[PDB]
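Report on the following structure.
These values consider heavy atoms only, across backbone and side chains, with no hydrogens, waters or symmetry-generated copies. Numbered from 1 within each chain, the chains take letters A, B, ... in sequence-line order.
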Amino acid sequence: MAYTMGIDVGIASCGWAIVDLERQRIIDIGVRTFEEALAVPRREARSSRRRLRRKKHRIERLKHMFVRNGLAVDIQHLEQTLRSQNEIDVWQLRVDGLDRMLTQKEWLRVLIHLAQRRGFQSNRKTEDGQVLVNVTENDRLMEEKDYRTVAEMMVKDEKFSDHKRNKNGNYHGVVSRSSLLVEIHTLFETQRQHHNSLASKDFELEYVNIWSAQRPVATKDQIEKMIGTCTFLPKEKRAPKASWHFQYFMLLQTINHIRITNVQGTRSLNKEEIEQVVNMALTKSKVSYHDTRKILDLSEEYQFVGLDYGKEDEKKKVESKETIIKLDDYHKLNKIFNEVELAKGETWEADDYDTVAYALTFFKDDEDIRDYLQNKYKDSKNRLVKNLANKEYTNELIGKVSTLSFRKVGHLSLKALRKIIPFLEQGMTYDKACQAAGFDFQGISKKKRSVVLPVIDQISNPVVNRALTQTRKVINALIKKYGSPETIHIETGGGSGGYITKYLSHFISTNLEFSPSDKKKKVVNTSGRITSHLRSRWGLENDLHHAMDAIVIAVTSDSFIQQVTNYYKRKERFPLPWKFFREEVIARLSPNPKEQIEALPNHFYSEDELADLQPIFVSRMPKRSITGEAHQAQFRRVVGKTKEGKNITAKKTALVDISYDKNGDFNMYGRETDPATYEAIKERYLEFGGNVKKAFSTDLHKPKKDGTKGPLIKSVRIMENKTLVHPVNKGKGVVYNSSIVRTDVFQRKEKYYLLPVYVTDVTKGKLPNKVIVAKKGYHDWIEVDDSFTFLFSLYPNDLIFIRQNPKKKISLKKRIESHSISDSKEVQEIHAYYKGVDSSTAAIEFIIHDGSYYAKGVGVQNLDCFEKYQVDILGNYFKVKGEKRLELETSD
RNA sequence: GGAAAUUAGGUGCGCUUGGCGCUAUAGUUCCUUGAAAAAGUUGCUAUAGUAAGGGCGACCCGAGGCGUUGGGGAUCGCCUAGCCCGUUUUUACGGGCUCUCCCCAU
DNA sequence: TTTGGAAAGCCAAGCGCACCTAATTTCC
DNA sequence: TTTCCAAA
Ligand SMILES: [Cl-]
């Protein structure tokens with residue numbers, strides 16, 4: 001009952017092997033699969049929703065004020081007022097308001113318009129992009145041409161003669177926030193000179209306060225919550241790198257670890273030399289190894305350990321190149337401290353440097369910085385948090401230090417650094433200073449080992465988190481079947497930049513109980529190179545190769561690697577784990593394992609071992625979450641219905657993105673109402689070689705009736721057909737579908753029917769109730785009634801079994817096409833992982849267990865059998881006998 | 001393999017802003033089709049919508065991940081969960097306890 | 001029905017933290 | 001990657 005576990009872990013799969021190294025037999029093998037980054041669309045959607053909401057609120061706050069300050073009676077009045085007929089362009093009104101009184105209506109439009117877009121405001125703390133160049137250029141245009149305001153620039157300047165708003169993803173019209181504030185103030189001023197009653201200084205101040213309001217990049221404890229904890233004191237936060245304690249610790253560690261070598265040997269610096277290097281670092285901006293040699297007058301027989309001196313030993317060049325210490329944060333803060341006069345007694349102390357470091361590292365807005373440095377910061381639970389100096393600093397200082405930017409933390413808390421530094425000051429190495437302070441420098445886990453792996457610390461990297469948690473489920477399933485392993489051999493694929501390898505090794509080593517044995521490393525990391533050589537040499541050379549690799553990994557120890565090097569040394573003047581190992585591996589990876597094992601000489605497996613023997617069945621992780629993108633993003637117009645009941649949609653499309661045929665024709669909506677534009681585009685496309693980028697890299701004009709040049713043509717509406725759309729914005733647009741949540745399967749008079757359920761259906765009161773009819777519009781799909789029996793719901797990667805009726809077979813297609821005369825396999829029946837449904841055809845798509853074959857467009861209506869199964873972690877599956885059609889109810 | 005530091009990078013997660021794109025409507029503009037009624041096209045500007053939908057004014061949630069169980073999953077719960085006890089490994093170690101629902105298994 | 005495949009919202013300008021790599025050092 | 005269209 002002792003075994004070796006082999007594990008092959010990627011970001012999308014865990015191959016595994018149970019091997020008995022004494023019996024010299026493969027016990028059991030398998031594969032668990034779990035197929036931008038995952039959170040990015042969600043994060044971006046979050047940002048978009050907030051931006052739009054905050055803009056709307058700003059306009060709403062302004063409209064509420066306009067009532068209260070007496071520009072209108074109420075909001076109902078205000079809306080009607082402004083939704084009267086606009087005569088003059090609001091940009092022209094913005095310019096007119098500089099030299100004449102604006103009417104109430106004109107003024108209201110101007111104030112709303114100014115609040116739509118607030119311009120660029122840098123948050124930079126440390127090449128210039130297209131936004132910065134345009135902001136700078138626009139600022140220069142206004143300064144040099146004497147434009148009184150942004151609007152005056154935008155109306156009068158040649159740069160904006162064709163458009164004011166930005167087009168085709170350029171940033172020509174982006175201006176500074178400050179220039180728009182100048183405009184607001186100017187217009188309130190000029191309106192007051194021209195006797196506008198609604199331009200009072202009170203109104204001005206409330207307008208600017210509303211217009212200017214914005215949230216800081218971080219508020220309160222937000223940064224503190226992201227900062228990690230001390231390696232030694234895990235309820236402490238990590239210290240800022242800008243703190244004195246961090247910088248002095250780092251300095252002392254560095255100097256104490258210097259080593260110098262001559263022909264005789266290697267030595268450290270003495271206490272006298274250290275003091276000299278330490279004092280130089282505290283006064284000089286940067287220190288090189290050259291400055292270290294110079295301050296100590298160190299003989300040219302000595303070299304510093306760790307430098308590359310090459311052949312020539314051009315010592316000044318090598319040593320001058322290498323900066324050993326640069327206490328930037330210290331010197332920057334020390335300069336600001338020296339601008340601030342102190343009383344005769346007191347001096348700037350370590351706690352002042354730490355306090356300012358904390359303030360600027362843990363907080364980014366001026367309100368939090370100010371409160372903290374005034375010693376009255378309240379955290380997000382209203383609890384006072386005094387600064388480290390317990391000091392209310394002066395407004396002068398707070399103002400001055402807020403010009404600095406600090407960031408980043410070390411691994412250790414301030415408390416830990418306070419205890420360690422005194423021992424580093426006595427010249428100890430880092431490790432011994434830690435010991436002297438009362439800390440185990442390795443922070444070794446004191447925790448008790450466990451029979452199954454405990455839950456994993458949830459980490460923010462969703463791909464790494466999935467891999468580790470799936471690998472845990474595999475290991476724990478295998479422990480619960482076979483008991484504890486003697487060792488675990490692990491290989492990883494490089495897909496997480498080393499995070500999975502480092503995490504997983506340490507986690508298993510620290511937490512898992514191994515079966516009692518003499519073997520030293522409980523966790524053995526094998527190289528892909530060695531694995532790859534053995535597979536080639538053994539001629540063992542899809543999802544099954546992960547299982548193969550898990551076998552090789554399991555039987556790869558260091559003692560076996562020696563036998564390969566012994567062989568290659570001997571051959572210079574091939575090792576197998578056991579007899580028939582190749583043939584056994586091939587047997588265990590095959591569909592007919594029993595037949596292949598029994599074909600080996602001399603009852604290679606016992607009668608028991610053969611009775612237990614199943615073919616490998618790859619286990620695929622279920623995906624049964626009902627959240628997801630609700631529908632596609634772009635809004636479309638419905639312009640008609642096809643004969644077969646599809647929606648005809650249209651959407652404005654840039655000339656470069658239009659789809660043209662051989663003749664340069666395209667599906668332009670309203671072609672009949674614009675032959676000049678239709679013909680101009682087609683003609684332009686044909687002039688060039690159907691090179692769309694070349695053709696549409698210059699302006700195209702619509703010809704006027706007289707034949708001279710009229711307006712530019714940048715896009716037209718293109719028509720396309722779609723069965724299923726959803727209305728948005730009170731039916732003012734439609735949108736297409738995104739991923740299907742689940743497919744509900746029904747039976748009626750021995751035929752099968754499919755009802756796709758979309759994310760938009762989760763908001764409804766009732767489930768959708770129409771099963772697909774191929775090539776017909778939604779109106780002609782069939783309403784479900786008592787004649788249909790509900791069978792089950794299929795999510796992606798649910799397991800199905802189908803049997804085709806006798807008149808035909810299912811054509812499985814090889815995922816990887818080959819030199820074979822046959823790249824398809826036709827089967828009467830199949831167990832397969834469901835992928836989805838084609839709503840135009842009621843035909844499905846699936847993959848066989850290991851992903852090596854698939855089918856697509858398989859109609860279900862006249863199958864002989866259609867059943868649902870479910871798979872466990874290790875590959876066993878179980879028939880679903882009965883399901884209820886579940887309602888769908890998000891908490892949102 | 002493990003701790004800390006440095007230099008140069010990488011991946012991910014979170015946040016604040018800016019500007020578009022698309023849709024709808026109004027004006028203006030290029031007009032086109034149509035006997036007419038009408039319908040619609042090009043450019044510019046404005047105003048509105050921009051997950052679907054839900055909860056209470058620098059309002060909030062809403063496309064991600066994980067937990068579970070006899071074995072699995074979630075629309076449930078959580079996102080660095082909660083709540084106790086033991087212990088001088090008291091910033092640690094140990095041991096208790098725990099929502100609703102669906103499928104499978106005995 | 002099966003097969004082949006087009007389309008899908010996007011970029012600029014920053015503020016942060018976590019984890020990981022390569023090289024270098026002192027250490028268990 | 002996924003929906004689902006039009007071609008085969
Ligand atoms: Cl532009």
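Remark: A/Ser715 is in phosphate contact with B/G43, judged by side-chain N or O atoms under 4.0 Å from OP1 or OP2.
The base of B/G40 engages B/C31 as a Watson-Crick or G-U wobble partner, both distances under 3.5 Å. Under the 3.5 Å cutoff applied to both distances, B/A74 and B/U100 qualify as a Watson-Crick or G-U wobble pair. Here B/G27 sits opposite B/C44 as a true base pair, Watson-Crick or G-U wobble, both distances under 3.5 Å. Remark: the bases of B/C66 and B/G77 meet in a Watson-Crick or G-U wobble pair, both edge contacts within less than 3.5 Å. Taken together, B/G95 and B/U16 do not qualify as a Watson-Crick or G-U wobble pair under the 3.5 Å criterion applied to both distances. Here B/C97 is matched with B/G82 as a Watson-Crick or G-U wobble partner, both contacts being under 3.5 Å. Taken as a pair, B/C76 and B/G67 qualify: Watson-Crick (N1-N3 plus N6-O4 or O6-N4) or G-U wobble (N1-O2 and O6-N3), both under 3.5 Å. Between B/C93 and B/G49 there is no base pair of the Watson-Crick or G-U wobble kind with both of its two distances under 3.5 Å.
Glycosidic conformation, B/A39: anti, with the torsion outside 90° of 0.
When distances are taken from the side chain of A/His411 to each of B/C60, B/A52, B/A4, the shortest belongs to B/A4. Residue A/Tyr171 has its side chain nearest to C/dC11 when only C/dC17, B/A63, C/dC11 are considered. Residue A/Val880 has its side chain nearest to B/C104 when only C/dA13, C/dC20, B/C104 are considered. Candidate nucleotides C/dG16, B/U41, B/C103 were compared by shortest atom distance to the side chain of A/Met226, and C/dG16 ranks first. When distances are taken from the side chain of A/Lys652 to each of B/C59, B/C22, B/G62, the shortest belongs to B/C22. You'll find that the side chain of A/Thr231 is closest to B/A4, out of C/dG9, B/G27, B/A4. Taking the side chain of A/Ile873 as heavy atoms from C-beta on, and the options B/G12, B/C22, B/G73, the nearest nucleotide is B/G73.
B/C30 sits 13 Å from B/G40 when the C1' atoms are compared, rounded to a whole Å. As rounded to the nearest Å, B/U16 and B/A48 have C1' atoms that lie 25 Å from one another. Nucleotides B/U75 and B/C102, compared at atom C1', are 10 Å apart to the nearest Å. If you take atom P in B/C101 and the same atom in B/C66, they sit 24 Å apart, rounded to whole Å. Across the P atoms, B/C22 and B/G14 are found 29 Å apart, a figure rounded to whole Å. Comparing B/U28 with B/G62, their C1' atoms sit 40 Å apart, to the nearest whole Å. Spacing of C1' atoms, B/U50 relative to B/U80, comes out at 34 Å, to the nearest Å.
With hydrogens and angles ignored, no donor-acceptor pair under 3.5 angstrom links the side chain of A/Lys764 to the base of B/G53. Within 3.5 Å, no donor on the side chain of A/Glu60 pairs with an acceptor on the base of B/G57, nor the reverse. Interface remark: the A/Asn170 side chain does not form any donor-acceptor pair with the B/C20 base, using a distance-only criterion of under 3.5 Å.
Side-chain N or O atoms of A/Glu883 include one that pairs as donor or acceptor with a backbone N or O of A/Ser793 at under 3.5 Å.
Note: NE2 (A/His726) to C1' (B/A52) measures 9 Å, nearest angstrom. The interatomic distance linking A/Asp892 (CG) with B/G62 (P) rounds to 6 Å, in whole Å. Rounded to whole Å, the distance from CE on A/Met428 to P on C/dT25 is 23 Å. One atom, CD of A/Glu720, and another, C1' of D/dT3, lie 12 Å apart when rounded to the nearest Å. As rounded to whole Å, 16 Å separates atom P of B/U41 from atom CZ of A/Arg671. The CZ-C1' distance, from A/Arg472 to B/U68, rounds to 10 Å in whole Å. Distance A/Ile718 CD1 to C/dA7 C1': 14 Å, rounded to the nearest Å. Atom CD1 in A/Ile223 sits about 13 Å away from atom P in B/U16, given to the nearest Å.
Contact annotation for A/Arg94: no contact, since no heavy-atom pair falls under 4.0 Å across all strands. Within the 4.0 angstrom heavy-atom criterion, only backbone atoms of the sugar-phosphate kind lie near A/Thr126; the bases stay farther away. Among the heavy atoms of the strands lying under 4.0 Å from A/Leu233 is at least one base atom, whether or not backbone atoms are also near. Within 4.0 Å (heavy atoms only), A/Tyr758 reaches sugar-phosphate atoms of the nucleic acid but no base atom. Residue contacts for A/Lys884: at a heavy-atom cut-off of 4.0 Å it reaches the sugar-phosphate backbone alone, with no base atom in range. Base engagement by A/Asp838 is indicated by at least one non-hydrogen atom pair under 4.0 Å involving a base atom.
Between A/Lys775 and A/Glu644 no salt bridge is recorded (no basic side-chain N to carboxylate O distance below 4.0 Å).
With its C1'-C2'-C3'-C4' torsion below zero, C/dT1 shows a south sugar pucker.
Using modelled atom types and a 3.5 Å distance limit, the side chains of A/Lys55 and A/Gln116 yield a donor-acceptor pair. A/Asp872 and A/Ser619 share no donor-acceptor pair across their side chains, judged by distance under 3.5 Å alone. Of the N and O atoms on the side chains of A/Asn170 and A/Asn166, not one donor lies less than 3.5 Å from an acceptor on the other residue.
Geometrically, A/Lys651 does not engage A/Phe635 in a cation-pi contact defined by less than 6.0 Å to the ring centre and at most 45° from the axis. A cation-pi arrangement is found for A/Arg671 relative to A/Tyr678, the charged atom lying closer than 6.0 Å to the ring centre and inside a 45° cone about the ring normal.
Groove contact for A/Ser840: major groove, with a side-chain heavy atom under 5.0 Å from a base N7, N6, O6, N4 or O4 atom. Access of A/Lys702 to the base pairs occurs via the minor groove: a side-chain heavy atom lies under 5.0 Å from a minor-groove atom, while no major-groove atom is that close.
The number of heavy-atom neighbours closer than 6.0 Å to NZ of A/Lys764, taken from other residues, nucleotides and ligands shown, is 12 or below.
Listed here is the closest heavy atom pair of A/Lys646 and A/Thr723: CG-OG1, 3.6 Å.
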